[PDB]
Amino acid sequence: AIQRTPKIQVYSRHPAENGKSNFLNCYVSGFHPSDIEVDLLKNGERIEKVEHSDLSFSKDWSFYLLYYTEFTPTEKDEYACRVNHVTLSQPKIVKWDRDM
Amino acid sequence: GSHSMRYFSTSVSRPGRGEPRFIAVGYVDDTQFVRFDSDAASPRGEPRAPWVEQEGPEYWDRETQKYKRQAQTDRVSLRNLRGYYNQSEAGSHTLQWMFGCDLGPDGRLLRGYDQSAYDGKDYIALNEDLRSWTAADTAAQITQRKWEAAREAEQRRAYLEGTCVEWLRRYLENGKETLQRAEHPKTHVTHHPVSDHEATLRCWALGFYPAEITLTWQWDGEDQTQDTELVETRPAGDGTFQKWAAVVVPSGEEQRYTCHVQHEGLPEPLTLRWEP
Amino acid sequence: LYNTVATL
Ligand code: NA
């Protein structure tokens, strides 16, 4: 079967401003097969109660999912997305960059 | 005037770990309205947009019945496909199905589509006429022969050109306040020094609906593609979408560059510059 | 409105 590794984007629902409630997003796309595990990390630790969209796919048959959690950014808290998939030898970590 | 109702269904086998899992989602344009997951705690068709929450329990029971029926059907199909390809009983496999009906720019039915993939590869598709099939390989020709003998295309066409369109129009009316109103992108340009001679300009579009958008950079009014990076358009999670396009530029030449934004919610294409 | 169809 096809094996395609996920593209990963880590971002916020609205422009991030310290002290203002928002949502942290990790969008995984372009992957196959569909089983995948995604965690959002705060200062290296798993965030509990993260929600995700329902499994869908693109015209090229590859899958996509959005994982998201409410958060209030601060100057010093660091965020990341950690993705595991059959195509990855080890979970892949992508750090949140506020202008990406 | 153009709108679509689209469904995306996925079944995944897991030999030795139970029977296959079936997930289906439905959209009007870029707005999801329904989901079903056979592995959910209590599998049922469930609303995912406000404009189907008043359809009533009869409607929802009937959708749930159809999802359970298709999950069943996909389980048989997965078993058939394993046989067509002489595949081992141990491997996991995926069956995907996408179909939909599209209104053209004058709001009239324009076309339908119906396509299936096995393990991420095209398997069988209804042709554009909705009366004939394209089989990707000799295994899919087995399916084509069965469906030809069964007049299966006529049944698919009856749904795509009839029921599908009628319900799409009902959803469009019930959700007209959101589904029939484009939201223009909110834009800005950011700047990052790279080195003593290079910088990055990033052109942003946020909060737009529908998802289709074009972002282009120009230098002195000439389209610039060689050194422009474009991320995949991505969901914000609130029903709107985001995208950016970045160009690397010589430090000190930033003012030569303009970003151009095209979107259904803009009355004319938009030109932007970095405003330090 | 969903639609359910024949087996492959
Ligand atoms: Na991307």
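Definitions and limits used
Residues numbered from 1 in each chain as written, not as in the entry; some residues may be left out. Chains lettered and ligands numbered in written order. Heavy atoms only, no water. Helix = DSSP H or I, 4+ residues; strand = E, 2+ residues; numbered from the N terminus. Polar contact = N/O pair within 3.5 Å; in protein donor to acceptor, adjacent residues only side chain to side chain. Contact = heavy atoms within 4.5 Å. Buried area = accessible area lost by both parts, 1.4 Å probe. Salt bridge = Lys/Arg side-chain N within 4 Å of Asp/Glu carboxyl O. Nonpolar A, V, L, I, M, F, W, Y, C, P; charged D, E, K, R; others polar. Expected span 1.5 Å × (residues − 1). Buried < 20%, exposed > 50% of the residue type's maximum accessible area, 1.4 Å probe, protein only. Pairing = 2+ DSSP bridges.

Judging from the entry metadata, X-ray crystallography is the method by which this structure was determined, and 1.28 Å is the reported resolution.

Visitor: Help me understand the side chain of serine 13 of chain B in this model?
Guide: All names here are of chain B. Among the secondary structure elements, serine 13 is positioned in the loop between β1 (3-12) and β2 (21-28). One polar contact links the side chain of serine 13 to the main-chain amide nitrogen of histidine 93, over a distance of 2.9 Å. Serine 13 has contacts with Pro20, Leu78, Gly91, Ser92 and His93, leaving out every residue within four places of it along the chain.

Visitor: Got a minute to help me understand the interface of chain B and chain A in this structure?
Guide: How big an interface is tends to be reported as the loss of accessible area on association of its parts. Every contact between the two is made by 36 residues of chain B and, on the other side, 27 residues of chain A. Where chain B abuts chain A, roughly 2,700 Å² becomes buried across the two surfaces, and 53% of that area is made up of carbon and sulfur atoms. It is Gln96, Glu232 and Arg234 of chain B in chain B that bury the most area against chain A; as a group they hold 20% of the surface buried on that side. In this structure, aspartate 99 of chain A engages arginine 202 of chain B in a salt bridge whose closest nitrogen and oxygen atoms are separated by 3.0 Å. Inspection of the region where chain B meets chain A yields 25 residue pairs in polar contact. Residues that form the side of chain B that touches chain A fall into these classes: 14 nonpolar, 13 polar and nine charged.

Visitor: Help me out: how do you make sense of helix α1 (residues 57-84) of chain B in this one?
Guide: The α-helix winds at 3.6 residues per turn, so residues separated by three or four positions along the chain end up facing the same way. Between its first and last C-alpha, α1 of chain B extends 40 Å over 28 residues, near the 40 Å set by a 1.5 Å rise per residue. Downstream of α1 of chain B by a residue or two, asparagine 86 of chain B has a phi angle that is positive, lying close to 50 degrees.

Visitor: Would you mind showing me how to read the pairing of strand β15 (residues 241-250) of chain B here?
Guide: Residues and elements named next belong to chain B. Most of β15 is tucked away: eight of the ten residues are buried. Where strand β10 (residues 198-208) meets β15, nine bridges bridge the pair, whose relative direction is antiparallel. Bridge pairing in β15 links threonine 200 to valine 248. Alignment of strand β13 (residues 228-230) against β15, held across three bridges, turns out to be antiparallel. Bridge pairing in β15 places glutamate 229 opposite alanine 246. Pairing between strand β14 (residues 234-235) and β15: two bridges, direction antiparallel. Each residue of the ladder has a partner; that of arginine 234, found in β15, is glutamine 242. A loop of five residues connects β14 with β15, the two strands running antiparallel in sequence, and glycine 237 in this loop sits at a positive phi of about 100 degrees.

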